[PDB]
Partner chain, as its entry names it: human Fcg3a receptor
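In C-alpha cells, the next block holds one chain alone, the form deposited without the partner chain.
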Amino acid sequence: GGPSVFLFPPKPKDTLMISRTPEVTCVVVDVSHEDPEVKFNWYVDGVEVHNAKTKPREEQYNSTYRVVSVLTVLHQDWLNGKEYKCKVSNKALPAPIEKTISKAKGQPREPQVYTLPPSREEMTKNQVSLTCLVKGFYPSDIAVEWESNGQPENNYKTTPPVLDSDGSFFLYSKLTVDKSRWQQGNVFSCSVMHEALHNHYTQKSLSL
C-alpha cells in the first residue's frame, strides 16, 4: 500500500577494514508519485544526528520511487554496539515508520582458525581442497580471504556462518588449487578479520 522501510547494516569488512567506509542505509520503497517527499530523522543511541545524506532518487517502473538515506558510522561506534534509528515520514503514512538496527548483542569471542589439508582420497583429482575452519566466534560478522606467495588467491568459496551448540558461530572456507601447485610445497594462507582478533586480523598458513 503506502511506503515500506528497510534498514540495513554495514558490511562486516567495512567495519573491520581501516580503508572502507561503514554506513547504515535506510531504504524507503513504494513512495508514490503523489507524495514523493520523505523526511528522515536519524538517531544514534537516541541522540538525533544531522549528517545523513540522501542518495539520488530512483524512479521505478511500477510507478513508485525508491528513496534512500545513508548514515556514515564511525567504525568504533558500530562495534561498540550503538543503536541506529531511522524514522521515515511521508504524507501517505498515517504515522511515521521507525526501524532500529545495531550489531548483535552478547560478549564477543575470538575466532579459532584452523587450516586442514586435502584428504588423501582427494589426491586422485586434478584440483584439491584446502580447508579453513573458523570457529568459536561471536558475533557472526566476519570476513575471510586466501593468499599464496604474498598474492591474493581468488578461487575460493566460504560458507555462511552457522550457529554452533555453544552459541558461537563457525564457518568453513574452501580454496581450490591445482594439485601440482599443492604438491610443489607452495604456502597458502587463510586470512580472517573479526572484531575479537588482535588488530581485527589473523592469518594461518597451510602447505605440504
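Residue numbers count along the first chain shown, from 1.
Relative to its counterpart among 135-143 and 175-183, 175-183 has the higher mean temperature factor, C-alpha atoms as listed in the PDB entry. According to the PDB record, 120-128 carries the higher mean C-alpha B-factor of the two stretches 120-128 and 100-108. The PDB entry assigns its highest CA temperature factor, among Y61, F169, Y156, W42, to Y61. If you compare the C-alpha temperature factors of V24, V192, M17, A196 in the entry, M17 comes out highest. Sort the modelled residues of the chain by CA B factor and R57 lands in the middle third.
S89: CA B factor lies in the middle third for its chain, per the PDB record. Split the chain's modelled residues into thirds by C-alpha temperature factor. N51 is in the middle one. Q76: CA B factor lies in the highest third for its chain, per the PDB record.
Among all modelled residues in its chain, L7 ranks in the lowest third by Cα B-factor.
Another form exists, solved in complex with the partner chain; not displayed. Remarks below refer to it.
Remark: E34 counts among the residues lining the partner chain in the bound PDB entry, judged by a heavy atom distance of 4.5 Å or less. Proximity of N62 to the partner chain in the bound PDB entry falls within the 4.5 Å heavy atom cutoff. Along 1-39, a non-hydrogen atom within 4.5 Å of the partner chain in the bound PDB entry is carried by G1, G2, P3, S4, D30, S32, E34, in order along the sequence.
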